[PDB]
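Here is the file target_30.txt (compact mmCIF, C-alpha atoms).
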```txt
# COMPACT_ATOMS: atom_id res chain seq x y z
CA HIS Y 5 -18.41 0.15 -4.31
CA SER Y 6 -22.19 -0.17 -4.05
CA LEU Y 7 -21.89 0.36 -0.29
CA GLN Y 8 -19.12 2.96 0.05
CA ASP Y 9 -20.73 5.55 -2.24
CA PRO Y 10 -24.23 5.59 -0.67
CA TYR Y 11 -22.63 5.64 2.77
CA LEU Y 12 -20.33 8.60 2.09
CA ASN Y 13 -23.03 10.37 0.09
CA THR Y 14 -25.52 10.07 2.95
CA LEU Y 15 -22.95 11.35 5.46
CA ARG Y 16 -22.34 14.24 3.05
CA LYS Y 17 -25.98 15.13 2.33
CA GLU Y 18 -26.89 14.98 6.03
CA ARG Y 19 -23.76 16.81 7.16
CA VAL Y 20 -22.96 14.10 9.69
CA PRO Y 21 -19.88 14.83 11.81
CA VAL Y 22 -17.33 12.08 11.29
CA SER Y 23 -14.04 10.94 12.71
CA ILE Y 24 -11.65 9.58 10.10
CA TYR Y 25 -8.78 7.49 11.41
CA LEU Y 26 -5.71 7.15 9.23
CA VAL Y 27 -3.56 4.05 8.90
CA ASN Y 28 -0.86 5.84 10.93
CA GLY Y 29 -3.18 6.36 13.89
CA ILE Y 30 -3.98 10.03 13.35
CA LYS Y 31 -7.62 11.06 13.78
CA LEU Y 32 -9.24 13.70 11.55
CA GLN Y 33 -12.64 15.22 12.28
CA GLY Y 34 -15.18 17.25 10.39
CA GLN Y 35 -17.92 16.89 7.80
CA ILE Y 36 -17.53 15.40 4.34
CA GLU Y 37 -18.00 18.18 1.78
CA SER Y 38 -17.42 15.93 -1.21
CA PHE Y 39 -15.53 12.90 -2.43
CA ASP Y 40 -14.61 10.95 -5.53
CA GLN Y 41 -13.09 7.55 -6.26
CA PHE Y 42 -9.81 8.45 -4.54
CA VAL Y 43 -10.19 11.34 -2.09
CA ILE Y 44 -12.49 12.84 0.52
CA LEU Y 45 -12.76 16.59 1.08
CA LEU Y 46 -13.15 17.17 4.81
CA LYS Y 47 -14.26 20.55 6.17
CA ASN Y 48 -14.29 21.79 9.77
CA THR Y 49 -11.71 23.70 11.82
CA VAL Y 50 -9.31 22.69 9.05
CA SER Y 51 -10.46 22.06 5.49
CA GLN Y 52 -8.38 19.37 3.74
CA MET Y 53 -8.18 16.70 1.04
CA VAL Y 54 -7.71 13.17 2.39
CA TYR Y 55 -6.51 10.28 0.21
CA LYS Y 56 -8.64 7.18 0.76
CA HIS Y 57 -5.58 4.89 0.61
CA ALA Y 58 -4.39 6.51 3.87
CA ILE Y 59 -7.72 5.90 5.61
CA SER Y 60 -8.34 2.92 7.92
CA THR Y 61 -11.87 3.71 9.17
CA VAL Y 62 -14.63 6.29 8.98
CA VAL Y 63 -16.64 6.51 12.20
CA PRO Y 64 -19.83 8.61 11.92
CA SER Y 65 -20.85 10.58 15.01
CA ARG Y 66 -24.21 8.80 14.76
CA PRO Y 67 -25.43 5.77 12.77
CA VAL Y 68 -26.60 6.48 9.24
CA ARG Y 69 -29.50 4.88 7.40
CA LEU Y 70 -28.96 4.07 3.73
CA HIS E 5 -10.96 11.94 -10.63
CA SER E 6 -13.74 14.57 -10.50
CA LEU E 7 -12.57 16.10 -7.20
CA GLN E 8 -8.83 15.55 -6.76
CA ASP E 9 -7.90 17.14 -10.11
CA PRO E 10 -9.95 20.35 -9.91
CA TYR E 11 -8.79 20.69 -6.29
CA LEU E 12 -5.08 20.27 -7.01
CA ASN E 13 -5.32 22.36 -10.17
CA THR E 14 -6.93 25.18 -8.19
CA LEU E 15 -4.20 25.12 -5.55
CA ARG E 16 -1.69 25.14 -8.41
CA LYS E 17 -3.10 28.08 -10.39
CA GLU E 18 -3.73 30.22 -7.32
CA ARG E 19 -0.28 29.34 -6.03
CA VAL E 20 -1.77 28.61 -2.61
CA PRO E 21 0.80 27.55 -0.01
CA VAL E 22 -0.02 24.00 1.13
CA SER E 23 1.00 21.49 3.75
CA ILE E 24 1.31 17.91 2.51
CA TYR E 25 1.29 15.24 5.19
CA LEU E 26 2.87 11.89 4.38
CA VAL E 27 1.57 8.53 5.61
CA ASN E 28 4.56 8.33 7.97
CA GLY E 29 3.60 11.58 9.66
CA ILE E 30 6.15 13.88 8.03
CA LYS E 31 4.94 17.29 6.89
CA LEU E 32 6.05 18.89 3.62
CA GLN E 33 5.34 22.52 2.72
CA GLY E 34 5.41 24.39 -0.55
CA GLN E 35 3.38 25.15 -3.64
CA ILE E 36 1.99 22.69 -6.14
CA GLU E 37 4.01 23.27 -9.31
CA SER E 38 2.38 20.44 -11.24
CA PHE E 39 1.02 16.92 -10.92
CA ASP E 40 -0.02 13.83 -12.83
CA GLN E 41 -1.77 10.56 -12.04
CA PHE E 42 0.96 9.37 -9.66
CA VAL E 43 3.00 12.32 -8.46
CA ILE E 44 2.91 15.91 -7.32
CA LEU E 45 5.78 18.33 -7.83
CA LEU E 46 6.10 20.47 -4.72
CA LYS E 47 8.13 23.67 -5.14
CA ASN E 48 10.30 25.29 -2.47
CA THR E 49 14.12 25.51 -2.16
CA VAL E 50 14.30 22.83 -4.85
CA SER E 51 11.18 21.24 -6.32
CA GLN E 52 10.65 17.71 -5.00
CA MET E 53 8.57 14.90 -6.45
CA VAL E 54 6.05 13.38 -4.05
CA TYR E 55 4.35 10.09 -4.83
CA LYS E 56 0.62 10.40 -4.15
CA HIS E 57 0.57 6.87 -2.74
CA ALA E 58 2.70 8.22 0.12
CA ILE E 59 0.39 11.13 0.90
CA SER E 60 -2.19 11.15 3.71
CA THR E 61 -3.61 14.66 3.43
CA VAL E 62 -3.19 18.00 1.63
CA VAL E 63 -3.99 21.03 3.78
CA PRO E 64 -4.26 24.45 2.05
CA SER E 65 -2.91 27.47 3.95
CA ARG E 66 -6.09 29.32 2.96
CA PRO E 67 -9.68 28.64 1.76
CA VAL E 68 -9.91 27.62 -1.89
CA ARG E 69 -12.63 27.24 -4.53
CA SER N 6 3.40 11.72 -17.48
CA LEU N 7 5.53 14.02 -15.33
CA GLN N 8 7.39 11.33 -13.41
CA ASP N 9 9.22 9.90 -16.44
CA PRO N 10 10.69 13.13 -17.88
CA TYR N 11 11.59 14.21 -14.34
CA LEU N 12 13.48 11.02 -13.44
CA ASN N 13 15.07 10.98 -16.88
CA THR N 14 16.46 14.48 -16.35
CA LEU N 15 17.93 13.42 -13.01
CA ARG N 16 19.42 10.38 -14.74
CA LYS N 17 20.81 12.17 -17.81
CA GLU N 18 22.33 14.97 -15.74
CA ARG N 19 23.57 12.51 -13.10
CA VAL N 20 22.12 14.77 -10.41
CA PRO N 21 22.86 13.80 -6.80
CA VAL N 22 19.50 13.03 -5.15
CA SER N 23 17.95 11.96 -1.89
CA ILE N 24 15.18 9.37 -1.99
CA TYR N 25 12.94 9.24 1.06
CA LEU N 26 11.12 5.97 1.67
CA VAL N 27 7.57 5.71 3.02
CA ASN N 28 9.06 4.50 6.31
CA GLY N 29 11.18 7.63 6.75
CA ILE N 30 14.52 6.16 5.63
CA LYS N 31 16.72 8.43 3.50
CA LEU N 32 18.74 7.02 0.61
CA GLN N 33 21.34 9.07 -1.29
CA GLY N 34 23.01 8.63 -4.66
CA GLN N 35 21.99 9.18 -8.25
CA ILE N 36 19.39 7.61 -10.52
CA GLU N 37 21.14 5.12 -12.80
CA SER N 38 18.00 3.87 -14.54
CA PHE N 39 14.33 3.14 -13.93
CA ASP N 40 11.21 1.55 -15.30
CA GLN N 41 7.51 1.56 -14.45
CA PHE N 42 7.98 0.04 -10.99
CA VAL N 43 11.55 0.49 -9.81
CA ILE N 44 14.51 2.84 -9.74
CA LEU N 45 18.15 1.77 -9.83
CA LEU N 46 19.96 3.88 -7.25
CA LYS N 47 23.75 4.10 -7.44
CA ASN N 48 25.81 5.14 -4.41
CA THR N 49 28.35 3.42 -2.13
CA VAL N 50 26.75 0.32 -3.61
CA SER N 51 24.01 0.03 -6.24
CA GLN N 52 20.48 -1.12 -5.31
CA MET N 53 16.97 -1.51 -6.75
CA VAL N 54 14.28 0.58 -5.03
CA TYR N 55 10.57 -0.14 -5.52
CA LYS N 56 8.62 3.02 -6.30
CA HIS N 57 5.72 1.80 -4.15
CA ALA N 58 8.14 2.21 -1.23
CA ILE N 59 9.21 5.75 -2.16
CA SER N 60 7.63 8.84 -0.57
CA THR N 61 9.72 11.64 -2.16
CA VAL N 62 12.65 12.29 -4.53
CA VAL N 63 14.66 15.40 -3.62
CA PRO N 64 17.41 16.62 -6.01
CA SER N 65 20.52 18.25 -4.50
CA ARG N 66 20.00 21.27 -6.73
CA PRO N 67 17.31 22.87 -8.92
CA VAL N 68 16.78 21.00 -12.17
CA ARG N 69 14.74 21.61 -15.33
CA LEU N 70 11.13 20.69 -14.55
CA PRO N 71 8.80 18.75 -16.90
CA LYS U 3 9.76 0.46 -19.42
CA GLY U 4 7.26 -1.85 -17.75
CA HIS U 5 9.60 -4.42 -16.22
CA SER U 6 12.39 -3.42 -18.60
CA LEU U 7 14.66 -2.98 -15.59
CA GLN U 8 13.25 -5.10 -12.77
CA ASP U 9 13.09 -8.39 -14.71
CA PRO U 10 16.61 -8.35 -16.20
CA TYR U 11 17.98 -7.25 -12.81
CA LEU U 12 16.26 -9.94 -10.73
CA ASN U 13 17.01 -12.58 -13.37
CA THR U 14 20.71 -11.69 -13.34
CA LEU U 15 20.81 -12.02 -9.56
CA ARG U 16 18.98 -15.34 -9.94
CA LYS U 17 21.13 -16.96 -12.64
CA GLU U 18 24.37 -15.75 -11.07
CA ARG U 19 23.19 -16.82 -7.60
CA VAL U 20 24.38 -13.50 -6.18
CA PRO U 21 24.00 -13.15 -2.39
CA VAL U 22 21.51 -10.37 -1.70
CA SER U 23 19.85 -8.44 1.08
CA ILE U 24 16.18 -7.57 0.73
CA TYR U 25 14.96 -4.78 3.02
CA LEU U 26 11.26 -4.76 3.86
CA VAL U 27 9.13 -1.65 4.40
CA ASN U 28 8.94 -2.43 8.15
CA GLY U 29 12.71 -2.40 8.44
CA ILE U 30 13.38 -6.14 8.44
CA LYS U 31 16.48 -7.19 6.48
CA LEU U 32 16.27 -10.58 4.77
CA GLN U 33 19.35 -12.26 3.31
CA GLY U 34 19.93 -15.06 0.86
CA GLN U 35 19.63 -15.49 -2.87
CA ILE U 36 16.80 -15.10 -5.33
CA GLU U 37 15.60 -18.57 -6.33
CA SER U 38 12.84 -17.30 -8.60
CA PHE U 39 10.15 -14.64 -8.83
CA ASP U 40 7.01 -13.69 -10.70
CA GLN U 41 5.05 -10.46 -11.06
CA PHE U 42 4.13 -10.30 -7.35
CA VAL U 43 6.49 -12.40 -5.25
CA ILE U 44 10.12 -13.40 -4.85
CA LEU U 45 11.28 -16.80 -3.62
CA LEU U 46 14.24 -16.12 -1.35
CA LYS U 47 16.60 -18.91 -0.32
CA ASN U 48 18.62 -18.84 2.90
CA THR U 49 18.30 -20.96 6.06
CA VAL U 50 14.96 -21.83 4.46
CA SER U 51 13.12 -21.00 1.22
CA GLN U 52 10.55 -18.25 1.84
CA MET U 53 8.11 -16.33 -0.34
CA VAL U 54 8.34 -12.54 -0.11
CA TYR U 55 5.58 -10.26 -1.43
CA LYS U 56 7.08 -7.49 -3.55
CA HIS U 57 4.60 -5.00 -2.09
CA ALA U 58 6.38 -5.39 1.27
CA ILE U 59 9.85 -4.79 -0.20
CA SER U 60 11.55 -1.40 -0.11
CA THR U 61 14.95 -2.27 -1.65
CA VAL U 62 17.08 -5.10 -3.04
CA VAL U 63 20.82 -4.74 -2.42
CA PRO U 64 23.27 -7.18 -4.09
CA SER U 65 26.22 -8.29 -1.94
CA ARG U 66 28.47 -7.28 -4.82
CA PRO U 67 28.38 -5.24 -8.04
CA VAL U 68 26.38 -6.80 -10.85
CA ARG U 69 26.49 -6.30 -14.61
CA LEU U 70 23.17 -6.10 -16.46
CA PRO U 71 22.80 -7.88 -19.84
CA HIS I 5 1.17 -15.78 -10.19
CA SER I 6 3.46 -18.18 -12.06
CA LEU I 7 5.23 -18.82 -8.75
CA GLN I 8 2.81 -17.65 -6.05
CA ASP I 9 -0.08 -19.97 -6.97
CA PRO I 10 1.98 -23.18 -7.35
CA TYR I 11 3.87 -22.36 -4.16
CA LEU I 12 0.82 -21.69 -2.00
CA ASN I 13 -1.05 -24.62 -3.55
CA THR I 14 1.79 -26.97 -2.65
CA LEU I 15 1.78 -25.72 0.94
CA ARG I 16 -1.98 -26.21 1.02
CA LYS I 17 -1.94 -29.76 -0.38
CA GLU I 18 0.96 -30.97 1.78
CA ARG I 19 -0.69 -29.35 4.79
CA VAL I 20 2.71 -27.91 5.70
CA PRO I 21 2.52 -25.67 8.77
CA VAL I 22 3.61 -22.12 7.89
CA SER I 23 4.53 -18.85 9.54
CA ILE I 24 3.00 -15.78 7.93
CA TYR I 25 4.65 -12.49 8.83
CA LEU I 26 2.52 -9.41 8.41
CA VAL I 27 3.84 -6.03 7.32
CA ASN I 28 3.24 -4.77 10.87
CA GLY I 29 5.54 -7.37 12.42
CA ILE I 30 2.90 -9.76 13.76
CA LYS I 31 3.55 -13.44 13.11
CA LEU I 32 0.67 -15.78 12.32
CA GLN I 33 0.98 -19.57 12.29
CA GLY I 34 -1.11 -22.37 10.89
CA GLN I 35 -1.97 -24.26 7.72
CA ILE I 36 -3.21 -22.82 4.46
CA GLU I 37 -6.82 -23.97 4.00
CA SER I 38 -7.36 -22.10 0.75
CA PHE I 39 -6.62 -18.86 -1.04
CA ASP I 40 -7.72 -16.65 -3.88
CA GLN I 41 -6.36 -13.54 -5.58
CA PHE I 42 -6.67 -11.36 -2.46
CA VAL I 43 -6.81 -13.51 0.66
CA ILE I 44 -5.46 -16.63 2.29
CA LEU I 45 -7.51 -18.63 4.81
CA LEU I 46 -5.21 -19.67 7.65
CA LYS I 47 -6.39 -22.54 9.85
CA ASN I 48 -5.53 -23.05 13.51
CA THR I 49 -7.98 -22.81 16.43
CA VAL I 50 -10.32 -21.06 13.99
CA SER I 51 -9.73 -20.24 10.32
CA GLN I 52 -8.86 -16.56 9.96
CA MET I 53 -8.84 -14.67 6.68
CA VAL I 54 -5.59 -12.91 5.87
CA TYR I 55 -5.39 -10.16 3.29
CA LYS I 56 -2.38 -10.67 1.05
CA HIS I 57 -1.67 -6.93 0.96
CA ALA I 58 -0.89 -7.16 4.69
CA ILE I 59 1.57 -10.02 4.24
CA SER I 60 5.33 -9.52 3.97
CA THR I 61 6.51 -13.16 3.92
CA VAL I 62 5.27 -16.76 4.05
CA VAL I 63 7.79 -19.11 5.72
CA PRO I 64 7.19 -22.91 5.55
CA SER I 65 8.05 -24.87 8.71
CA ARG I 66 9.87 -27.40 6.51
CA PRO I 67 11.38 -27.43 2.98
CA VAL I 68 8.97 -27.79 0.05
CA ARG I 69 9.56 -28.61 -3.62
CA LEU I 70 8.14 -26.83 -6.66
CA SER T 6 -13.36 -15.88 -4.76
CA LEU T 7 -13.28 -16.87 -1.09
CA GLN T 8 -13.54 -13.44 0.47
CA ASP T 9 -17.16 -12.77 -0.55
CA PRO T 10 -18.84 -16.03 0.51
CA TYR T 11 -16.70 -16.01 3.64
CA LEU T 12 -17.78 -12.48 4.58
CA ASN T 13 -21.36 -13.20 3.52
CA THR T 14 -21.55 -16.15 5.92
CA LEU T 15 -20.22 -14.07 8.80
CA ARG T 16 -22.89 -11.53 7.87
CA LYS T 17 -25.90 -13.77 7.20
CA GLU T 18 -25.12 -15.69 10.39
CA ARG T 19 -24.45 -12.63 12.55
CA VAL T 20 -21.12 -14.07 13.68
CA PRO T 21 -19.13 -11.85 16.07
CA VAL T 22 -15.69 -11.06 14.65
CA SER T 23 -12.41 -9.32 15.34
CA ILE T 24 -10.88 -7.29 12.52
CA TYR T 25 -7.20 -6.48 12.95
CA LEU T 26 -5.94 -3.44 11.05
CA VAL T 27 -2.54 -3.22 9.36
CA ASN T 28 -1.49 -0.87 12.16
CA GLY T 29 -2.23 -3.37 14.93
CA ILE T 30 -5.53 -1.95 16.18
CA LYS T 31 -8.30 -4.47 16.88
CA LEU T 32 -11.92 -3.82 15.98
CA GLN T 33 -14.79 -6.02 17.14
CA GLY T 34 -18.38 -6.37 16.06
CA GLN T 35 -20.56 -7.99 13.44
CA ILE T 36 -20.40 -7.43 9.71
CA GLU T 37 -23.47 -5.45 8.65
CA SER T 38 -22.57 -5.30 4.96
CA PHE T 39 -19.64 -4.91 2.59
CA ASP T 40 -18.64 -4.34 -1.02
CA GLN T 41 -15.44 -4.60 -3.07
CA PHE T 42 -13.53 -2.08 -0.91
CA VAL T 43 -15.14 -1.66 2.51
CA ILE T 44 -16.78 -3.54 5.37
CA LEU T 45 -19.41 -1.93 7.60
CA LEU T 46 -18.74 -3.16 11.12
CA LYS T 47 -21.21 -2.68 13.97
CA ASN T 48 -21.16 -3.25 17.74
CA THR T 49 -20.50 -0.55 20.35
CA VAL T 50 -19.73 1.82 17.49
CA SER T 51 -20.76 1.59 13.83
CA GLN T 52 -18.03 2.22 11.23
CA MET T 53 -16.88 1.76 7.65
CA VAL T 54 -13.53 -0.05 7.37
CA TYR T 55 -11.42 0.08 4.23
CA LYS T 56 -10.26 -3.39 3.25
CA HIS T 57 -6.82 -2.04 2.30
CA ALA T 58 -6.33 -1.19 5.99
CA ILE T 59 -7.26 -4.69 7.20
CA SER T 60 -4.67 -7.39 7.90
CA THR T 61 -6.93 -10.18 9.26
CA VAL T 62 -10.57 -11.07 9.98
CA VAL T 63 -10.94 -13.53 12.88
CA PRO T 64 -14.34 -15.14 13.67
CA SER T 65 -15.31 -15.80 17.30
CA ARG T 66 -16.27 -19.36 16.41
CA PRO T 67 -15.69 -21.84 13.56
CA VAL T 68 -17.86 -21.28 10.49
CA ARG T 69 -18.64 -22.98 7.18
CA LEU T 70 -15.77 -22.08 4.87
CA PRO T 71 -16.34 -21.33 1.14
```
Target format structure tokens, applied to this file:
Amino acid sequence: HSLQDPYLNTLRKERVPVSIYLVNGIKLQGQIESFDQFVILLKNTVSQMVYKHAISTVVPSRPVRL
Amino acid sequence: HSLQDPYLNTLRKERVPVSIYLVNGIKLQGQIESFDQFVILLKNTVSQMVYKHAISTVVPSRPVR
Amino acid sequence: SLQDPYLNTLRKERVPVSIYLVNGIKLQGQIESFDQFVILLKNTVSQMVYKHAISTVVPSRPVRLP
Amino acid sequence: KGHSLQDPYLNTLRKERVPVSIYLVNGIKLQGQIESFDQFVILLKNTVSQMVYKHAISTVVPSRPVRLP
Amino acid sequence: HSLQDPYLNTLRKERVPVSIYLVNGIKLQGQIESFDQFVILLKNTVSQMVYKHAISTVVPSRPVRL
Amino acid sequence: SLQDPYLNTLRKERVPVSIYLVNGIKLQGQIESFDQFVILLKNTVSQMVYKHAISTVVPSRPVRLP
């Protein structure tokens, strides 16, 4: 958890565009507005709450330094 | 946790129409009637119980908070 | 808990229900009993369904809500 | 109601050696009889004796009606 | 793990070749090198790490006794 | 556990790997870091992978097992 939090928090603070792929193959895009232990609030063309358990990978639009 | 609860509770109180997408791709629509640690009660024709573990995303029909 | 009182109402009232699995399959019958991890579904034949494999429980008619 | 239902149910199928079908979340249908089980897996006997993870199981359907204790 | 540990440990010790079916339908084959609470190390050309949560069934190539 | 030392070796030794997701997709790269729930993979694209979405981790060459 010592890696996930800083990573998501940095993406959030720096408003880094991200692509979030779900386990079912669907791709969501936007910026991370906030998150907690179980969900990620993604804002963009469509604001939405995403459950982490349904996420396979988070691919930042550019590398992030922690 | 700190975000999911306030978020769901807001959608509930404001009776905001939502779209709930399941991990299998199916889309449910209705209003959040109530929820607990493991389920969400989605109201429509009849209120159905959705297990959170089966949910991918919750998309509000309008801006909240 | 909201799940327990809800399932108990469906059980007590013997309400016909549809149980959708996470893989899209639809089961029909009535809730005979349940515990923390499974539900006993009675229909043409009885069967034990793991809750981790359930997506939604849809009653055939409105029922008292917890 | 932790395992108040699951344990007595699986144990009945086990002791009575009831033929059963176990459907997995991916759609596969396994057949045989429950040899034993613990909190996470089920040992299913058929052509061979295999270990099934409960997390991959959707439903357990007895070949015939069963009476719980 | 009253059954899981003894079972996997026997397969490991007897070096019994096994078929591991994943929840996505892919079939892996090899010998169990080791395992812990979350993963199993499956040896073949190279030893790959398999997450238990992705496993549906473990099928021994030949009968084993517990 | 086995997972940690195993992943740490692949990391410390910059071993190229293939991570197969529970949905079949194959990711390739080198493990940059990881914690209890995610693995940061890097190669052509950098990305955070949730362990719950991973089925197997396959090294490009044999490595010292834990």
At a cut-off of 9 Å from (-5.2, -2.4, 6.1) in the coordinates of the file, what residues are picked up using all atoms listed in the file, written as a PyMOL selection string?
-> (chain Y and resi 27+59-60) or (chain I and resi 55+57-58) or (chain T and resi 25-28+54-61)
Just the selected residues (C-alpha atoms), exported as a PDB file, in the frame of the given file, please.
```pdb
ATOM      1  CA  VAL Y  27      -3.560   4.050   8.900  1.00  0.00           C
ATOM      2  CA  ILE Y  59      -7.720   5.900   5.610  1.00  0.00           C
ATOM      3  CA  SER Y  60      -8.340   2.920   7.920  1.00  0.00           C
TER       4      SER Y  60
ATOM      5  CA  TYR I  55      -5.390 -10.160   3.290  1.00  0.00           C
ATOM      6  CA  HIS I  57      -1.670  -6.930   0.960  1.00  0.00           C
ATOM      7  CA  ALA I  58      -0.890  -7.160   4.690  1.00  0.00           C
TER       8      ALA I  58
ATOM      9  CA  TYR T  25      -7.200  -6.480  12.950  1.00  0.00           C
ATOM     10  CA  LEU T  26      -5.940  -3.440  11.050  1.00  0.00           C
ATOM     11  CA  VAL T  27      -2.540  -3.220   9.360  1.00  0.00           C
ATOM     12  CA  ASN T  28      -1.490  -0.870  12.160  1.00  0.00           C
ATOM     13  CA  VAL T  54     -13.530  -0.050   7.370  1.00  0.00           C
ATOM     14  CA  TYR T  55     -11.420   0.080   4.230  1.00  0.00           C
ATOM     15  CA  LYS T  56     -10.260  -3.390   3.250  1.00  0.00           C
ATOM     16  CA  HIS T  57      -6.820  -2.040   2.300  1.00  0.00           C
ATOM     17  CA  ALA T  58      -6.330  -1.190   5.990  1.00  0.00           C
ATOM     18  CA  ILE T  59      -7.260  -4.690   7.200  1.00  0.00           C
ATOM     19  CA  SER T  60      -4.670  -7.390   7.900  1.00  0.00           C
ATOM     20  CA  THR T  61      -6.930 -10.180   9.260  1.00  0.00           C
TER      21      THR T  61
END
```
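Atom to atom, atom CA of residue U:30 and atom CA of residue Y:61 stand 27.1 Å apart.
For the pair atom CA of residue T:68 and atom CA of residue I:49, the interatomic distance is 11.6 Å.
On all C-alpha atoms, the superposed RMSD for chain Y relative to chain I stands at 0.6 Å.
Near stretch 10-12 of chain Y, within a cut-off of 9 Å and counting only C-alpha atoms, sit the residues residues 5, 6, 7, 8, 14, 15, 16, 17, 36, 38, 39, 68, 69 and 70 of chain Y; 53 of chain T, with same-chain residues fewer than 2 positions away left out.
Taking atom CA of residue E:48 as the reference point, atom CA of residue E:22 is found at 11.0 Å.
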Once you count all atoms listed in the file, which residues end up no further than 9 Å from (-17.6, 19.1, 7.8) in the file's frame, shown as a ChimeraX atom specification?
-> /Y:16,19-22,33-37,45-49,51
Using only C-alpha atoms, determine which residues lie at most 7 Å from stretch 40-42 of chain I, disregarding the query and same-chain residues fewer than 3 positions distant; provide the list as a PyMOL selection string.
-> (chain I and resi 55-56) or (chain T and resi 6-7)
Excluding residue U:68 and any residue of its chain fewer than 4 positions from it, enumerate the residues within 10 Å of it, using all atoms listed in the file, and give them as number ranges by chain.
-> N: 51-52; U: 11, 14-15, 18, 20, 64
Please identify every residue of chain E that has at least one atom no more than 12 Å from any atom of chain Y, counting all atoms listed in the file, and report them as a ChimeraX atom specification.
-> /E:5-12,15,22-30,41-42,55-69
Write out as a PyMOL selection string the residues lying within 7 Å of residue U:33, counting all atoms listed in the file and excluding same-chain residues fewer than 3 positions away.
-> chain U and resi 22-24+48
For C-alpha atoms, I'd like the residues from the last selection saved as a short mmCIF file (atom, residue, chain, number, x, y, z; two decimals), in the frame of the given file.
```cif
data_model
loop_
_atom_site.label_atom_id
_atom_site.label_comp_id
_atom_site.auth_asym_id
_atom_site.auth_seq_id
_atom_site.Cartn_x
_atom_site.Cartn_y
_atom_site.Cartn_z
CA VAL U 22 21.51 -10.37 -1.70
CA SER U 23 19.85 -8.44 1.08
CA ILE U 24 16.18 -7.57 0.73
CA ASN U 48 18.62 -18.84 2.90
#
```
Please provide the set of residues having any atom within 6 Å of stretch 36-46 of chain U, restricted to only C-alpha atoms, with same-chain residues fewer than 6 positions apart removed, written as a ChimeraX atom specification.
-> /U:16,52-56 /I:6-7
Need the axis-aligned box for stretch 62-69 of chain Y with 8 Å each side, so what are the centre and edges in Å to one decimal, as lines of an AutoDock Vina configuration file?
```
center_x = -22.1
center_y = 7.7
center_z = 11.2
size_x = 30.9
size_y = 21.7
size_z = 23.6
```
Best match for closeness to chain Y among T:8, T:36, T:48, T:43, counting all atoms listed in the file = T:43
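Proximity to residue I:23 was assessed for U:50, U:62, U:5, U:25 counting only C-alpha atoms; the smallest distance is recorded for U:50.
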Give me, as a Markdown table, the closest atom pair and its distance (Å, one decimal) for every residue of chain U within a cut-off of 8 Å of chain N, counting all atoms listed in the file, rows sorted by chain and rising number.
```
| residue | atom | partner | partner_atom | distance |
| --- | --- | --- | --- | --- |
| U:3 | CA | N:40 | CA | 4.5 |
| U:4 | CA | N:41 | CA | 4.8 |
| U:5 | CA | N:40 | CA | 6.3 |
| U:6 | CA | N:40 | CA | 6.1 |
| U:7 | CA | N:40 | CA | 5.7 |
| U:8 | CA | N:43 | CA | 6.5 |
| U:27 | CA | N:28 | CA | 6.4 |
| U:28 | CA | N:28 | CA | 7.2 |
| U:57 | CA | N:57 | CA | 7.2 |
| U:59 | CA | N:55 | CA | 7.1 |
| U:60 | CA | N:58 | CA | 5.1 |
| U:61 | CA | N:54 | CA | 4.5 |
| U:62 | CA | N:53 | CA | 5.2 |
| U:63 | CA | N:52 | CA | 4.6 |
| U:64 | CA | N:52 | CA | 6.8 |
| U:66 | CA | N:50 | CA | 7.9 |
| U:67 | CA | N:51 | CA | 7.1 |
```
Could you pull stretch 44-53 of chain T out of the block above and give me N, CA and C atoms, as a PDB file, in the first residue's frame?
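Output saved as part-v7.pdb:
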```pdb
ATOM      1  N   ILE T  44       1.824  -3.743  -8.644  1.00  0.00           N
ATOM      2  CA  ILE T  44       3.152  -3.894  -9.210  1.00  0.00           C
ATOM      3  C   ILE T  44       3.308  -2.802 -10.260  1.00  0.00           C
ATOM      4  N   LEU T  45       4.382  -2.022 -10.167  1.00  0.00           N
ATOM      5  CA  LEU T  45       4.637  -0.985 -11.165  1.00  0.00           C
ATOM      6  C   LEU T  45       5.520  -1.599 -12.243  1.00  0.00           C
ATOM      7  N   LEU T  46       4.948  -1.778 -13.425  1.00  0.00           N
ATOM      8  CA  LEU T  46       5.656  -2.368 -14.550  1.00  0.00           C
ATOM      9  C   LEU T  46       6.130  -1.259 -15.485  1.00  0.00           C
ATOM     10  N   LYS T  47       7.311  -1.431 -16.068  1.00  0.00           N
ATOM     11  CA  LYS T  47       7.848  -0.431 -16.985  1.00  0.00           C
ATOM     12  C   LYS T  47       8.558  -1.063 -18.180  1.00  0.00           C
ATOM     13  N   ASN T  48       8.374  -0.448 -19.342  1.00  0.00           N
ATOM     14  CA  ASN T  48       8.974  -0.911 -20.590  1.00  0.00           C
ATOM     15  C   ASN T  48       8.661   0.147 -21.648  1.00  0.00           C
ATOM     16  N   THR T  49       7.779  -0.185 -22.585  1.00  0.00           N
ATOM     17  CA  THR T  49       7.386   0.760 -23.625  1.00  0.00           C
ATOM     18  C   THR T  49       6.468   1.782 -22.962  1.00  0.00           C
ATOM     19  N   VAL T  50       5.654   1.289 -22.034  1.00  0.00           N
ATOM     20  CA  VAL T  50       4.713   2.114 -21.290  1.00  0.00           C
ATOM     21  C   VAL T  50       4.846   1.778 -19.807  1.00  0.00           C
ATOM     22  N   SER T  51       4.749   2.793 -18.954  1.00  0.00           N
ATOM     23  CA  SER T  51       4.840   2.585 -17.513  1.00  0.00           C
ATOM     24  C   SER T  51       3.403   2.442 -17.003  1.00  0.00           C
ATOM     25  N   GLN T  52       3.177   1.560 -16.030  1.00  0.00           N
ATOM     26  CA  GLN T  52       1.824   1.353 -15.521  1.00  0.00           C
ATOM     27  C   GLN T  52       1.744   0.620 -14.186  1.00  0.00           C
ATOM     28  N   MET T  53       0.688   0.912 -13.437  1.00  0.00           N
ATOM     29  CA  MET T  53       0.460   0.268 -12.154  1.00  0.00           C
ATOM     30  C   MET T  53      -0.541  -0.862 -12.404  1.00  0.00           C
TER      31      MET T  53
END
```
